[PDB]
Structures are given as C-alpha cells and as structure tokens.
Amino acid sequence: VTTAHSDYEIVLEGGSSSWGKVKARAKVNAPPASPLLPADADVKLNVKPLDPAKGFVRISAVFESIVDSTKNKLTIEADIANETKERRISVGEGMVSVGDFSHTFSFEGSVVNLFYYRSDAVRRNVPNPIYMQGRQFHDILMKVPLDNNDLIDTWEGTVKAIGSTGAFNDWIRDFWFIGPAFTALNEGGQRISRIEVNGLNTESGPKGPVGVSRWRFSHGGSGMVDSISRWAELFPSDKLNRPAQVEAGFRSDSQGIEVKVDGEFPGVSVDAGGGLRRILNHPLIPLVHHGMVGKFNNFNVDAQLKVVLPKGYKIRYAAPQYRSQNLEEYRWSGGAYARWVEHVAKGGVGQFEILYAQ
C-alpha cells in the first residue's frame, strides 16, 4: 500500500505583519520520476535588507545535490531592487560545480514585467483575482572567467555556432529547457521567445580571458505563471524589515521520497480587504508542474495542517473546514482536507481559502 504522510505548520505574525514561519515534512513510498536515482538535494535561501532607502535586498541561494553518485552545486548571490512597479534590477555572482568541474560567473540584469491589459472594470468587480496574462522581458549581461579548457571549448563552440547557425536563437531553447523542462512550459501556459544575442566578446580579466555575453528574451504567460501574474507580490522587499530564510531538502530513490522545509519570510498572509486577512493564494506553477509527476502511483493521504494565528485572531472562513481548534491553533486532517491534498498533489488547483481576523 502506497501512503503519503505529510505535516505542515504555519505560524503567523499579527498586526500589519505578513510574516509567517512555514514548516513541512512529507514522505511517500513511491519512486520519483527521475531517470537517474538516487537523487538527493539540499537548498538554502537567505535574504536581508541591504539599502532600505533604495529598496535593495541581498539574496543568496545555495543548491547542492547528488544524483546517481554525481555531486552538484550551484550558488548565486545578488542585490535586487525595484526601479519601478514594472522594472526590477539585479547584480550578482555565483558558481556551479559538478564532480571535478567548476566555474564562476557574475552578472547584471533587468527584468520588466508588463500585463497585457489594465482595467478598473475587472479590478472593482473581482475581489480576489487570480489569472493575469502578461509578458516579462529579461536583459542580461553575464561574465564567466574562461579559466579551464572545458570553458574555453564551450565558449569557442558557442561562438562558432552563433556565427554559423541561423536558427541558433530558436533552437537554443531545445538545449535550455532540458528533458521534461521543455514540456512543462506549455503545461503552465508559459512561452519562451527566441533569444536576442546583442553582444558577445572576450575581456581581459585580472586572471585571464573572460567570456562576456549580452542577451535578451521574453516569456509570456496566459495567467497561471506566477512569475508574471504576481510579480510584485513575489518580491516583498518593502515587507522585509529583517532577514528571512528557508531551508529545504529531499532524499529520493527507487523506494520513495522524503522532504523537509523550514522557513520564515514575509508574504505568508495578505490583507483580504474588509478588515480580513487570508493566507496567500496558492501559486499555480508549483501545483501544475508537480502535477506532471504526481499521478504515477495511487496513494492514500495521511496529512495534517496546523495553522497558528496571532493572539486574539480567529478564523472567519475556511474551506475545507478545520477539524479542531485550541485557541489560536487550528488543525486540518482527514475528510475534505485529505481529499484536497490528494487533488493538489496530482495537479489540481481547487481553492483552499483561509480568511481570518480579530
């Protein structure tokens, strides 16, 4: 018998605060859909206020994994700020390593997020809008020291390809969205444009030649792509009054999958209007993308959610309904909640709303 066991905990700050602590654990005795096993990964994300006056934060990410004995790592650290409601700017650096190979990089880039329409007729009549169609434009300048022969080979190969292959800006997407990543684009109503290569040259860096590229692309979303529809919400820099962090990891092999998440960050709750608040709307891409793997083994659900509201707050509406309550702490399990967990784990996006207030 295949059984998914999971526990989730949300502990909320009150007042005007959107912050929450989020913890999760899950295990299921079914294999992942990776054609290489075992596959283990640990991820740590950190972000701190940097310059509140200019709205800059400093964010870092560390990814480490082991896949069929191969050890991988990627880190990236960047300073990011909104310039306007639509244009965001970044500058950063990082590295990637795989077994005995590694390389570094630095970059700067701007992203401009544009909705296809704006209408007060929609805004005033839909209290909790979900879909927002739009397109996001990246402009990136990246640099990689060419300080081993593999880097040199790839740089020269790519220079040669760009020079000789008229369809490079098109076919590069076949390379980029490796394996089933390609398939996931259409699944989420996401489109990636042909790229533009605006600049390609070698620089004389302090330790040697540096490969420098300037390039652009856009990606379109029909409304489910959270990176576009919830662009401002997903970067709550104006709510980051202290450092935030999240650590997560999984272990997986032919026998099953185990996962753990432990984080604290702003944006967990939202002003719902009318003096109510809600847990933020569930982003759609995680459910749709995970939906591509959640349907391969039947499973029973053994799931519990615990939500701790701030002192003095009460739930006004929850659907699925909670099972029990002890002051500010509410618990869901079994019944309609278990059924909703099955639904979203298989790719469904049916709404689970929690509205609360003092």
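Each residue number is its position in the shown sequence, starting from 1.
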Report task. Select between 49-57 and 31-39 the stretch whose C-alpha atoms have the higher average B-factor in the entry. Result -> 49-57
Report task. Would you tell me which stretch averages the higher CA B-factor in the PDB entry, 343-351 or 13-21? Result -> 13-21
Requested in this report: Using the entry's values, work out which of 135, 230, 143, 282 has the largest Cα B factor.
Outcome: 143
Report task. Please work out which residue in 170, 226, 187, 203 has the highest C-alpha B-factor recorded for this crystal structure. Result -> 203
Report task. Report the third (lowest, middle or highest) to which the CA temperature factor of residue 274 belongs, ranking only the modelled residues of the same chain. Result -> highest
**Report entry** Ranked C-alpha temperature factor of residue 44 among modelled chain residues, by third
**Finding:** middle
Report task. For residue 155, return the chain-relative third of its C-alpha B-factor as stated in the PDB record: lowest, middle or highest. Result -> highest
Report summary line: residue 222: CA temperature factor from the record, placed by chain third, in the lowest
**Report entry** Third assignment of residue 209 from its chain's C-alpha B-factors
**Finding:** highest
